[PDB]
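*Asks:* Sharing a structure with you now.
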Amino acid sequence: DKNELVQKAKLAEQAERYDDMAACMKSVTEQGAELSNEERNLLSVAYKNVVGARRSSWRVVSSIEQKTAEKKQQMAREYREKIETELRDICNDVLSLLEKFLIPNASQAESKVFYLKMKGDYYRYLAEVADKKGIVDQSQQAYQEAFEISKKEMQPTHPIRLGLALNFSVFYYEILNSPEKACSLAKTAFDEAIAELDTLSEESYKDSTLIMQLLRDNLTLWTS
Amino acid sequence: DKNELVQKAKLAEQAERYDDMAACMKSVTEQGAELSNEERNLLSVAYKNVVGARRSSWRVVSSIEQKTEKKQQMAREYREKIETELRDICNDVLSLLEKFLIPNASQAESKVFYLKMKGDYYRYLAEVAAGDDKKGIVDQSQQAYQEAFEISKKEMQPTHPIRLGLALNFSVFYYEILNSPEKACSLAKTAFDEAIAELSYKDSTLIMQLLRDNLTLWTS
Amino acid sequence: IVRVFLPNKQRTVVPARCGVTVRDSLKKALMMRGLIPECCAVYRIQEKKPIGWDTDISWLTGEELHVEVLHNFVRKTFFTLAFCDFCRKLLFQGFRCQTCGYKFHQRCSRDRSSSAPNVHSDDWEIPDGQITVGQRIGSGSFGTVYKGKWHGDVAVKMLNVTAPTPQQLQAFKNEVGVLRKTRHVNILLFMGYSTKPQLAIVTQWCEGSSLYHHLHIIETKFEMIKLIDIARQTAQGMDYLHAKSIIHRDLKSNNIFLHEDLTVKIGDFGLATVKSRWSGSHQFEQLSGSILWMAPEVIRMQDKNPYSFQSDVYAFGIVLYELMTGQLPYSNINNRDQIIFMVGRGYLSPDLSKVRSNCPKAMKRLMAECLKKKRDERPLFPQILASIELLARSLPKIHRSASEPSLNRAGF
Amino acid sequence: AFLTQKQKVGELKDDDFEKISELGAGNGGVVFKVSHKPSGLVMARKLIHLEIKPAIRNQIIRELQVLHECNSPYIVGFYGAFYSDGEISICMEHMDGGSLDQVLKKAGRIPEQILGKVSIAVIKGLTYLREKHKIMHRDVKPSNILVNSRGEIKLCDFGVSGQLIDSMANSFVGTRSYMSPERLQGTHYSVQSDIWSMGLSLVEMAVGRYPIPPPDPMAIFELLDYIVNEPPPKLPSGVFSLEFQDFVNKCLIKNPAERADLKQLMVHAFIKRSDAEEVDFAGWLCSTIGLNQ
Ligand SMILES: CNS(=O)(=O)Nc1nccc(Cc2c(C)c3ccc(Oc4ncccn4)cc3oc2=O)c1F
Ligand SMILES: [Zn+2]
Ligand SMILES: [Zn+2]
């Protein structure tokens with residue numbers, strides 16, 4: 001079952017067929033057992049493209065709404081609330097998934113912070129989509145808890161912590177509109193990355209630097 | 001209303017989600033109403049893209065299928081359900097063609113492009129079908145291509161984009177499916193030269209470059 | 001203390017040690033400038049001899065070095081015009097970089113082949129008299145506009161050949177025959193020309209101004225929504241001009257006149273008979289005008305005809321470096337012959353560090369391709385137009401700041 | 001002892017100038033001559049145009065006024081500049097001899113005897129520029145040395161507005177460049193640059209031939225390839241003295257370390273031999289240009 005399910009994902013990943021992979025990872029994670037590293041990132045990325053494709057589509061539909069009668073405006077509206085409903089469904093499946101199974105069974109500290117970042121990231125998606133303040137506050141709570149736990153265990157250059165900080169800064173900027181705090185957190189994260197950038201694991205070598213780049217671009221774009 | 005349907009179609013056009021507009025295009029022309037050029041073009045691209053994604057999945061899963069056995073057999077039922085969905089996708093639009101588009105083509109350029117689309121879709125089911133039905137699908141594409149190929153020369157320009165596109169698909173049909181590269185290249189050459197002698201523009205030169213490169217790789 | 005330079009001439013002194021490679025030591029500075037130490041090259045001089053990154057500092061003590069430039073691959077299936085960038089073919093399914101936007105196929109780094117793409121007299125020699133000569137308008141590389149008044153708005157030019165040979169005059173009647181058919185929305189109308197007076201190139205007249213005026217006189221710097229649309233409307237116009245093999249060969253920021261900030265018009269091009277002056281009976285081309293908008297090969301003039309379709313693409317890399325930064329390249333060198341010798345020899349190229357902060361990293365592999373030292377590498381205009389169409393609509397998708405991207409997702 | 005005065009001028013405006021004729025055709029700019037009704041005297045009107053930022057051109061204009069303190073019988077005087085027609089109107093001292101490009105193209109060649117005096121004049125003029133105003137000529141060219149039929153020779157068109165040095169660098173095209181290799185490879189060593197720029201210029205005057213194409217046309221870029229890749233040219237012997245070769249050779253060395261400074265250029269014997277003998281210049285040009293007194 002589990003091996004068959006991860007194979008049905010490894011065969012749906014290469015094929016760009018993303019809904020099948022989302023529907024299979026959900027089934028493999030509702031098993032109630034722990035998710036080791038290989039299925040972890042698979043579940044994460046699966047849901048990542050599923051929600052992000054709809055988010056990008058919603059962005060374009062909203063852009064056309066900004067780029068404009070009583071019918072030409074309206075047609076964009078039904079499409080945007082349709083994409084809104086479907087993205088809300090897809091994010092609700094995962095958030096309920098972590099609350100029911102993933103977070104309570106997070107044995108490892110890195111797994112705990114990883115799932116917490118996932119949780120906060122989806123609530124950030126709902127926050128951008130949308131009463132409204134509840135989602136943004138809950139996302140802030142999830143991000144704050146993830147940061148607080150991640151401050152202890154793993155090496156300060158770790159991809160989970162780095163992406164968590166970058167997401168958290170994006171949250172301060174695009175929702176709460178706190179650019180000063182966003183640049184502050186991103187800046188400290190980046191400098192501590194430089195300071196701790198000793199000899200590093202080859203496995204995380206590429207990805208750590210890849211996140212550090214995007215960190216630098218947020219700093220540079222937010223300087224102005 | 002037609003305007004609302006086409007508006008939804010082009011709203012989904014840049015959405016990177018194409019199944020929605022592909023499904024709405026069915027409702028646009030299931031009335032059998034007359035088709036103008038633009039709505040026909042979105043009609044073409046939508047299912048073209050849907051079959052494109054399905055066929056890309058087909059190619060990759062066929063690659064792992066050819067890679068090997070416990071893991072390989074999973075790719076087999078994955079493959080067959082992708083093929084089934086693909087087959088319904090092509091069959092819906094083909095039934096649309098043989099009920100409201102092809103028997104309702106009025107102008108010269110209507111018949112040629114719709115016949116090209118019908119032959120192309122039949123070719124799409126042809127890449128997958130094997131056994132006795134495979135030859136039937138291939139034959140049903142043969143005359144579909146020929147009917148438009150003969151109409152093109154007599155009724156429309158040597159440089160108009162649909163003729164170059166039809167020549168391109170007709171040529172590639174002879175290579176990968178028909179396993180007859182000689183007939184493919186011998187016709188691609190002619191289709192290249194009548195247009196180049198008689199040389200709205202970017203699309204034309206694009207197909208021209210594809211014909212040159214396609215001649216090149218067949219000559220290999 | 002081993003001092004090493006940086007792009008934009010920044011200075012950093014890495015510590016001198018023994019046993020540890022330059023990679024992780026210089027890594028701090030390269031990341032503060034955001035450069036991976038695997039895509040960089042450093043130089044030691046005993047002009048500039050490259051050295052790798054696995055060198056101990058024991059031999060590098062007391063040496064000055066330069067830092068100059070020389071990927072996560074998800075799978076995707078492109079749904080519109082998308083051209084491979086390793087074989088320059090047409091790509092439909094294949095990989096893609098998450099941020100750098102460089103699209104390629106595994107086969108080019110029983111196989112399948114290509115397919116259809118996703119689709120989507122009246123003019124004659126202007127006679128004298130009726131051509132009302134304009135007024136003092138300005139100057140440029142080889143002439144001056146004269147705003148004509150004949151049944152509309154037109155422009156009149158003057159040229160640097162006074163009494164050419166009749167066989168040159170027939171070549172002129174041929175060049176107008178091949179060049180007046182430039183019917184486009186990105187090219188102003190070509191009414192004709194008057195050869196009874198001093199030889200003239202009659203064109204239309206456009207309001208507003210050129211691009212050089214807009215970006216170095218008013219300096220009304222736009223947003224990327226218009227910054228990419230300008231390059232799109234110019235790439236389309238220089239693709240129509242390249243389909244029938246007529247090289248513009250004069251692409252400058254001061255000849256792309258745009259009206260009302262919506263319409264973009266390009267003109268003042270070609271004239272291979274007036275250029276390549278007929279001092280005898282030859283085609284000896286002359287170096288007249290500005291210098292930043294032509295390639296190292298055009299500067300060299302080492303061939304009888306060193307132009308190509310490519311040397312009109314490097315002239316696009318300069319006009320795009322101009323649009324992005326807002327300034328011209330080589331605005332720091334307080335010299336002229338230094339600029340000529342430098343761009344010719346190839347020891348130095350326009351500096352990429354001076355681009356803006358909101359620079360779309362996907363175009364960092366387009367406007368960089370448009371500016372190679374070599375000529376066989378810069379892409380022809382259809383691929384530039386496709387790669388600009390791609391992110392002319394993919395901009396609202398990345399209209400936000402950065403975010404955590406997906407994983408490696410590439411296996412070999 | 002020369003009594004150069006320029007206070008007679010007042011307000012300057014295009015409506016107050018009536019054109020007379022043109023001095024000639026230059027390389028970068030075109031030189032005019034014009035009449036001013038209040039002043040009466042003739043001016044050398046150098047008109048150049050640069051479509052540049054109004055703030056930048058205003059920055060250049062008030063900086064151009066420093067020539068009012070840069071007065072000497074060795075440098076062309078400055079009558080005054082102003083803005084109209086959108087162009088830079090650099091009024092100058094109108095000298096009937098023009099420059100030594102017309103004298104070159106008319107007389108064919110210049111003897112070493114005239115070179116002896118003109119070398120002293122140019123070296124002391126550039127020394128006056130440097131040791132006084134801490135800025136150098138940067139443009140030592142045969143076409144930028146103005147002369148008159150009164151027995152004087154003078155310099156003009158140095159680097160007077162630093163912003164304009166680059167605002168002009170993209171519009172001064174020319175076809176001839178005596179540009180010093182130390183100013184070509186990518187660094188600036190201005191102190192020794194003008195010595196090279198004058199050493200090449202004097203060879204041009206003496207031989208009458210563009211020396212970068214070796215005697216014993218070439219493309220614009222390839223000239224620089226010759227300047228900055230292979231050893232420099234050398235003046236022919238025989239018709240020119242060996243002690244003059246000893247002067248020219250130290251003025252045309254690539255490496256600035258081997259280049260001798262200005263002080264050495266005044267401790268030389270040939271430079272002090274040139275002024276030892278006297279040369280008539282009033283009738284010299286009048287016997288080859290047709291002018292009088
Ligand atoms: C060409 N070599 S360069 O060093 O790169 N650039 C330049 N070098 C020198 C000069 C220039 C340009 C230049 C010119 C055209 C000029 C002309 C007359 C003038 O007024 C005046 N009045 C009295 C006496 C002497 N002049 C002042 C001038 O100031 C300039 O800077 C370079 F642009
Ligand atoms: Zn390829
Ligand atoms: Zn990349």
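By convention in this document, the chains of the structure tokens carry letters A, B, ... by their order, each chain's residues are numbered from 1, and ligands are numbered from 1 in the order they are shown.
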Quick one: everything within 8 Å of region 182-188 of chain A, counting only C-alpha atoms, minus sequence neighbours fewer than 3 positions away in the same chain. Send it as a ChimeraX atom specification.
*Replies:* /A:165-166,168-173,178-179,191-192,215,218-219,222
*Asks:* Output N, CA and C atoms for every residue in that selection, as a PDB file, in the first residue's frame.
*Replies:*
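The resulting file, selection_37.pdb, is reproduced below:
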ATOM      1  N   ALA A 165      11.817  31.549   7.714  1.00  0.00           N
ATOM      2  CA  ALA A 165      12.076  32.973   7.888  1.00  0.00           C
ATOM      3  C   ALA A 165      11.655  33.761   6.656  1.00  0.00           C
ATOM      4  N   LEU A 166      11.953  33.236   5.468  1.00  0.00           N
ATOM      5  CA  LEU A 166      11.589  33.949   4.249  1.00  0.00           C
ATOM      6  C   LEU A 166      10.075  34.066   4.115  1.00  0.00           C
ATOM      7  N   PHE A 168       7.989  34.015   6.525  1.00  0.00           N
ATOM      8  CA  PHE A 168       7.496  34.833   7.622  1.00  0.00           C
ATOM      9  C   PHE A 168       7.644  36.310   7.269  1.00  0.00           C
ATOM     10  N   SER A 169       8.768  36.657   6.634  1.00  0.00           N
ATOM     11  CA  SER A 169       8.971  38.016   6.138  1.00  0.00           C
ATOM     12  C   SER A 169       7.962  38.368   5.051  1.00  0.00           C
ATOM     13  N   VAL A 170       7.713  37.441   4.121  1.00  0.00           N
ATOM     14  CA  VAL A 170       6.688  37.683   3.109  1.00  0.00           C
ATOM     15  C   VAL A 170       5.343  37.936   3.774  1.00  0.00           C
ATOM     16  N   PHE A 171       5.050  37.193   4.843  1.00  0.00           N
ATOM     17  CA  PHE A 171       3.828  37.426   5.599  1.00  0.00           C
ATOM     18  C   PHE A 171       3.794  38.840   6.153  1.00  0.00           C
ATOM     19  N   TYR A 172       4.867  39.281   6.817  1.00  0.00           N
ATOM     20  CA  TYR A 172       4.836  40.634   7.369  1.00  0.00           C
ATOM     21  C   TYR A 172       4.616  41.672   6.283  1.00  0.00           C
ATOM     22  N   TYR A 173       5.199  41.458   5.110  1.00  0.00           N
ATOM     23  CA  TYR A 173       5.088  42.497   4.098  1.00  0.00           C
ATOM     24  C   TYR A 173       3.723  42.494   3.418  1.00  0.00           C
ATOM     25  N   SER A 178       4.224  45.134   7.248  1.00  0.00           N
ATOM     26  CA  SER A 178       5.269  45.456   8.222  1.00  0.00           C
ATOM     27  C   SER A 178       6.619  45.276   7.548  1.00  0.00           C
ATOM     28  N   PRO A 179       6.934  46.127   6.567  1.00  0.00           N
ATOM     29  CA  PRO A 179       8.196  45.954   5.835  1.00  0.00           C
ATOM     30  C   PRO A 179       9.420  46.058   6.719  1.00  0.00           C
ATOM     31  N   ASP A 191      22.318  37.007   7.810  1.00  0.00           N
ATOM     32  CA  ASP A 191      23.637  37.180   8.420  1.00  0.00           C
ATOM     33  C   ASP A 191      24.021  35.979   9.271  1.00  0.00           C
ATOM     34  N   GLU A 192      23.087  35.452  10.069  1.00  0.00           N
ATOM     35  CA  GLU A 192      23.410  34.251  10.831  1.00  0.00           C
ATOM     36  C   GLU A 192      23.722  33.088   9.901  1.00  0.00           C
ATOM     37  N   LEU A 215      16.327  35.088  -0.329  1.00  0.00           N
ATOM     38  CA  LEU A 215      16.418  35.973   0.827  1.00  0.00           C
ATOM     39  C   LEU A 215      17.094  37.285   0.449  1.00  0.00           C
ATOM     40  N   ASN A 218      14.743  39.464  -1.575  1.00  0.00           N
ATOM     41  CA  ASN A 218      13.780  40.203  -0.757  1.00  0.00           C
ATOM     42  C   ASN A 218      14.442  41.383  -0.059  1.00  0.00           C
ATOM     43  N   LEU A 219      15.643  41.191   0.491  1.00  0.00           N
ATOM     44  CA  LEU A 219      16.320  42.322   1.125  1.00  0.00           C
ATOM     45  C   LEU A 219      16.530  43.462   0.133  1.00  0.00           C
ATOM     46  N   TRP A 222      13.351  45.165  -0.912  1.00  0.00           N
ATOM     47  CA  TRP A 222      12.712  45.872   0.183  1.00  0.00           C
ATOM     48  C   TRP A 222      13.549  47.035   0.693  1.00  0.00           C
TER      49      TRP A 222
END
*Asks:* Would you name the residues within 10 Å of ligand 2, counting only C-alpha atoms and all ligand atoms, and put them as a tab-separated table (two decimals) with C-alpha atoms, in the first residue's frame?
*Replies:*
chain	number	residue	atom	x	y	z
C	83	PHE	CA	12.01	27.70	-27.69
C	84	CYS	CA	14.73	25.44	-26.30
C	85	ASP	CA	17.90	27.32	-25.34
C	86	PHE	CA	20.52	24.61	-25.87
C	87	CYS	CA	19.58	23.60	-29.41
C	88	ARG	CA	17.37	26.64	-30.22
C	89	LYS	CA	14.66	24.26	-31.45
C	90	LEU	CA	10.95	24.40	-30.57
C	91	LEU	CA	10.22	22.86	-27.16
C	92	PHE	CA	6.84	21.51	-26.05
C	94	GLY	CA	10.81	19.46	-21.01
C	95	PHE	CA	12.51	20.92	-17.97
C	103	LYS	CA	14.14	26.06	-20.72
C	104	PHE	CA	15.87	23.01	-22.17
C	105	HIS	CA	15.40	19.35	-23.04
C	106	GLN	CA	17.22	16.40	-21.47
C	107	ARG	CA	17.95	14.88	-24.89
C	108	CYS	CA	20.02	17.96	-25.82
C	109	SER	CA	22.14	18.06	-22.66
*Asks:* Which residues are near residue 188 (chain D)? Cut-off 12 Å, only C-alpha atoms, ignore same chain within fewer than 4 positions. Put them as a ChimeraX atom specification.
*Replies:* /C:333-335,338 /D:138,179-184,192-194,256
*Asks:* Set the cut-off to 8 Å, count only C-alpha atoms and all ligand atoms, and list whatever residues fall near ligand 1 as a PyMOL selection string.
*Replies:* (chain C and resi 334-337) or (chain D and resi 28-29+46+48+64+67+70+75-79+90-93+137-139+155-162+164-169+172+179)
*Asks:* Got a sec to pull out which chain C residues are within 12 Å of chain D, counting only C-alpha atoms, and send them as a short mmCIF file (atom, residue, chain, number, x, y, z; two decimals) with N, CA, C and O atoms, in the first residue's frame?
*Replies:*
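The result, written out as out09.cif:
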data_model
loop_
_atom_site.label_atom_id
_atom_site.label_comp_id
_atom_site.auth_asym_id
_atom_site.auth_seq_id
_atom_site.Cartn_x
_atom_site.Cartn_y
_atom_site.Cartn_z
N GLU C 47 46.97 39.11 -19.45
CA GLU C 47 45.85 40.01 -19.20
C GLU C 47 45.03 39.55 -18.01
O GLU C 47 44.96 40.23 -16.99
N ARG C 136 15.20 73.00 -39.73
CA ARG C 136 16.22 72.49 -38.83
C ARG C 136 15.58 71.62 -37.76
O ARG C 136 14.86 72.12 -36.89
N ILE C 137 15.83 70.31 -37.82
CA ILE C 137 15.25 69.35 -36.89
C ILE C 137 16.31 68.76 -35.97
O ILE C 137 16.07 68.62 -34.76
N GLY C 138 17.47 68.42 -36.50
CA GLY C 138 18.53 67.86 -35.67
C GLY C 138 19.64 67.22 -36.47
O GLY C 138 20.03 67.71 -37.53
N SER C 139 20.18 66.12 -35.95
CA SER C 139 21.24 65.38 -36.62
C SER C 139 21.24 63.96 -36.08
O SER C 139 20.30 63.53 -35.40
N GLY C 140 22.31 63.22 -36.37
CA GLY C 140 22.44 61.86 -35.88
C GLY C 140 23.70 61.19 -36.38
O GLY C 140 24.78 61.80 -36.39
N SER C 141 23.58 59.93 -36.79
CA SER C 141 24.73 59.18 -37.31
C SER C 141 25.14 59.61 -38.70
O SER C 141 26.35 59.73 -38.96
N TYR C 212 15.97 57.27 -26.39
CA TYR C 212 17.11 57.91 -25.75
C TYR C 212 16.69 59.19 -25.04
O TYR C 212 17.13 59.46 -23.92
N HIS C 213 15.84 59.99 -25.68
CA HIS C 213 15.30 61.17 -25.01
C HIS C 213 14.52 60.78 -23.76
O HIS C 213 14.74 61.35 -22.69
N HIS C 214 13.63 59.80 -23.88
CA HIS C 214 12.81 59.38 -22.76
C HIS C 214 13.61 58.86 -21.59
O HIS C 214 13.21 59.09 -20.44
N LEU C 215 14.73 58.18 -21.83
CA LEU C 215 15.46 57.58 -20.72
C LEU C 215 16.77 58.28 -20.37
O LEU C 215 17.46 57.82 -19.45
N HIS C 216 17.12 59.39 -21.02
CA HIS C 216 18.25 60.19 -20.56
C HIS C 216 18.01 61.69 -20.56
O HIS C 216 18.95 62.44 -20.27
N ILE C 217 16.81 62.17 -20.87
CA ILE C 217 16.47 63.59 -20.78
C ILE C 217 15.33 63.81 -19.80
O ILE C 217 15.45 64.58 -18.85
N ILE C 218 14.20 63.14 -20.02
CA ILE C 218 13.12 63.16 -19.04
C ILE C 218 13.37 62.11 -17.96
O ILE C 218 13.07 62.34 -16.78
N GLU C 219 13.94 60.96 -18.33
CA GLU C 219 14.23 59.86 -17.40
C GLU C 219 12.97 59.41 -16.67
O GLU C 219 13.01 59.05 -15.49
N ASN C 254 18.00 56.35 -29.91
CA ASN C 254 17.51 57.64 -30.36
C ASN C 254 16.78 57.58 -31.69
O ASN C 254 16.48 58.64 -32.26
N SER C 279 33.56 55.60 -52.72
CA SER C 279 34.72 56.42 -53.06
C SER C 279 35.37 55.95 -54.35
O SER C 279 35.83 56.77 -55.15
N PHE C 284 33.06 49.99 -49.08
CA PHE C 284 33.82 50.26 -47.86
C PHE C 284 32.93 50.99 -46.86
O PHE C 284 32.72 52.20 -46.97
N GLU C 285 32.42 50.26 -45.88
CA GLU C 285 31.56 50.84 -44.85
C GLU C 285 32.38 51.69 -43.89
O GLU C 285 33.56 51.43 -43.63
N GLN C 286 31.73 52.73 -43.36
CA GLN C 286 32.38 53.68 -42.47
C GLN C 286 31.73 53.64 -41.10
O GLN C 286 30.55 53.29 -40.96
N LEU C 287 32.51 54.00 -40.08
CA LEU C 287 32.05 53.99 -38.69
C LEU C 287 31.58 55.39 -38.33
O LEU C 287 32.36 56.22 -37.85
N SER C 288 30.30 55.65 -38.54
CA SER C 288 29.70 56.96 -38.29
C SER C 288 28.55 56.80 -37.31
O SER C 288 27.73 55.89 -37.44
N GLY C 289 28.49 57.70 -36.32
CA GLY C 289 27.41 57.73 -35.36
C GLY C 289 27.90 57.44 -33.95
O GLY C 289 29.06 57.70 -33.61
N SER C 290 27.00 56.91 -33.13
CA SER C 290 27.35 56.52 -31.77
C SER C 290 28.00 55.14 -31.79
O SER C 290 28.03 54.46 -32.81
N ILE C 291 28.51 54.70 -30.64
CA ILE C 291 29.33 53.50 -30.57
C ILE C 291 28.74 52.41 -29.69
O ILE C 291 28.98 51.23 -29.95
N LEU C 292 27.94 52.75 -28.69
CA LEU C 292 27.47 51.75 -27.75
C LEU C 292 26.55 50.71 -28.39
O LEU C 292 26.50 49.57 -27.92
N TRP C 293 25.85 51.07 -29.46
CA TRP C 293 24.84 50.17 -30.02
C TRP C 293 25.36 49.24 -31.12
O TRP C 293 24.53 48.76 -31.90
N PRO C 296 31.05 43.85 -30.79
CA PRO C 296 32.50 43.80 -30.98
C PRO C 296 32.93 43.57 -32.42
O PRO C 296 33.91 44.17 -32.87
N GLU C 297 32.23 42.72 -33.16
CA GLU C 297 32.56 42.49 -34.56
C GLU C 297 32.32 43.72 -35.43
O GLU C 297 33.16 44.03 -36.28
N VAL C 298 31.22 44.43 -35.22
CA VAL C 298 30.99 45.68 -35.93
C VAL C 298 32.05 46.73 -35.58
O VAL C 298 32.45 47.51 -36.44
N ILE C 299 32.48 46.78 -34.32
CA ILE C 299 33.57 47.68 -33.96
C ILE C 299 34.85 47.28 -34.69
O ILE C 299 35.57 48.13 -35.22
N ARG C 300 35.14 45.98 -34.73
CA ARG C 300 36.36 45.50 -35.37
C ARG C 300 36.37 45.83 -36.86
O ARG C 300 37.40 46.25 -37.40
N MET C 301 35.24 45.65 -37.53
CA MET C 301 35.14 45.77 -38.99
C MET C 301 36.17 44.89 -39.70
O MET C 301 36.60 45.21 -40.81
N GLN C 302 36.56 43.79 -39.06
CA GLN C 302 37.61 42.92 -39.57
C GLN C 302 37.22 42.20 -40.85
O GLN C 302 38.10 41.66 -41.53
N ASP C 303 35.94 42.16 -41.19
CA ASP C 303 35.46 41.58 -42.44
C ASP C 303 34.99 42.69 -43.37
O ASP C 303 34.75 43.82 -42.95
N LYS C 304 34.89 42.35 -44.66
CA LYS C 304 34.33 43.30 -45.62
C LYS C 304 32.89 43.63 -45.27
O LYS C 304 32.48 44.80 -45.32
N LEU C 328 22.79 54.54 -19.89
CA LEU C 328 23.52 53.85 -20.94
C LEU C 328 24.62 53.01 -20.32
O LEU C 328 25.05 53.26 -19.20
N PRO C 329 25.09 51.98 -21.03
CA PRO C 329 26.29 51.28 -20.57
C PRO C 329 27.51 52.17 -20.78
O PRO C 329 27.47 53.13 -21.54
N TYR C 330 28.57 51.84 -20.06
CA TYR C 330 29.86 52.51 -20.22
C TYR C 330 29.74 54.01 -19.98
O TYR C 330 30.42 54.82 -20.61
N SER C 331 28.86 54.39 -19.06
CA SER C 331 28.70 55.79 -18.67
C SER C 331 29.73 56.23 -17.65
O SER C 331 29.73 57.40 -17.25
N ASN C 332 30.61 55.33 -17.22
CA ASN C 332 31.69 55.65 -16.30
C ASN C 332 33.00 55.96 -16.99
O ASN C 332 33.81 56.71 -16.44
N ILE C 333 33.24 55.41 -18.18
CA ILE C 333 34.50 55.61 -18.89
C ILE C 333 34.48 57.01 -19.51
O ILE C 333 33.75 57.27 -20.46
N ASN C 334 35.31 57.90 -18.96
CA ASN C 334 35.42 59.27 -19.47
C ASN C 334 36.39 59.28 -20.65
O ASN C 334 37.43 59.95 -20.65
N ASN C 335 36.04 58.51 -21.67
CA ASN C 335 36.88 58.37 -22.85
C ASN C 335 36.04 57.89 -24.01
O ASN C 335 34.90 57.44 -23.84
N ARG C 336 36.61 58.00 -25.21
CA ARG C 336 35.98 57.56 -26.45
C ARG C 336 36.75 56.41 -27.09
O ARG C 336 36.20 55.33 -27.32
N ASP C 337 38.03 56.63 -27.36
CA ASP C 337 38.86 55.59 -27.95
C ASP C 337 39.04 54.41 -27.00
O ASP C 337 39.17 53.28 -27.47
N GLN C 338 39.04 54.65 -25.69
CA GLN C 338 39.02 53.54 -24.74
C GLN C 338 37.78 52.69 -24.92
O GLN C 338 37.87 51.46 -24.91
N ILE C 339 36.61 53.32 -25.09
CA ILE C 339 35.39 52.56 -25.33
C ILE C 339 35.52 51.73 -26.60
O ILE C 339 35.20 50.53 -26.61
N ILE C 340 36.00 52.35 -27.68
CA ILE C 340 36.12 51.61 -28.94
C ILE C 340 37.05 50.42 -28.78
O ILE C 340 36.68 49.28 -29.10
N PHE C 341 38.26 50.66 -28.26
CA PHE C 341 39.23 49.58 -28.15
C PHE C 341 38.73 48.49 -27.21
O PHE C 341 38.94 47.30 -27.45
N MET C 342 38.04 48.89 -26.14
CA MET C 342 37.59 47.91 -25.16
C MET C 342 36.52 47.00 -25.75
O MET C 342 36.65 45.77 -25.71
N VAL C 343 35.46 47.59 -26.32
CA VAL C 343 34.38 46.77 -26.86
C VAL C 343 34.87 45.97 -28.05
O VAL C 343 34.34 44.89 -28.36
N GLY C 344 35.91 46.46 -28.74
CA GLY C 344 36.45 45.70 -29.86
C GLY C 344 37.27 44.51 -29.42
O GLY C 344 37.03 43.38 -29.86
N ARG C 345 38.26 44.74 -28.55
CA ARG C 345 39.15 43.67 -28.12
C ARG C 345 38.40 42.62 -27.30
O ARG C 345 38.69 41.43 -27.38
N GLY C 346 37.41 43.06 -26.52
CA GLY C 346 36.61 42.12 -25.76
C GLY C 346 37.13 41.88 -24.36
O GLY C 346 36.65 40.98 -23.66
N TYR C 347 38.10 42.69 -23.93
CA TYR C 347 38.63 42.55 -22.58
C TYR C 347 37.56 42.87 -21.53
O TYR C 347 37.60 42.33 -20.42
N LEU C 348 36.61 43.74 -21.87
CA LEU C 348 35.54 44.10 -20.94
C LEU C 348 34.23 44.29 -21.70
O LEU C 348 34.22 44.74 -22.85
#
*Asks:* Name the residues, by chain letter and number, that sit within 8 Å of ligand 3 using only C-alpha atoms and all ligand atoms, and give them as a PyMOL selection string.
*Replies:* chain C and resi 71-72+97-102+362
*Asks:* Keeping only C-alpha atoms, take the residues you just selected and write them out as a PDB file, in the first residue's frame.
*Replies:*
ATOM      1  CA  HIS C  71      19.986  25.436 -11.114  1.00  0.00           C
ATOM      2  CA  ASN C  72      16.909  23.540  -9.910  1.00  0.00           C
ATOM      3  CA  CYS C  97      14.433  26.501 -14.090  1.00  0.00           C
ATOM      4  CA  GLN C  98      12.263  27.769 -11.250  1.00  0.00           C
ATOM      5  CA  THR C  99      13.841  31.240 -11.113  1.00  0.00           C
ATOM      6  CA  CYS C 100      16.327  31.637 -13.985  1.00  0.00           C
ATOM      7  CA  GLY C 101      13.684  30.758 -16.594  1.00  0.00           C
ATOM      8  CA  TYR C 102      16.038  28.781 -18.857  1.00  0.00           C
ATOM      9  CA  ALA C 362      14.381  35.063 -16.187  1.00  0.00           C
TER      10      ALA C 362
END
*Asks:* Show me, as an NGL selection string, the residues of chain C whose atoms get within 12 Å of chain A, using only C-alpha atoms for the distance check.
*Replies:* :C and (20-21 or 23-38 or 71-78 or 93-95 or 97-100 or 356-361 or 393-411)
*Asks:* State, in Å with one decimal place, the distance from CA of residue 162 (chain B) to CA of residue 109 (chain B).
*Replies:*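 Atom-to-atom, CA of residue 162 (chain B) and CA of residue 109 (chain B) are spaced 7.9 Å apart.
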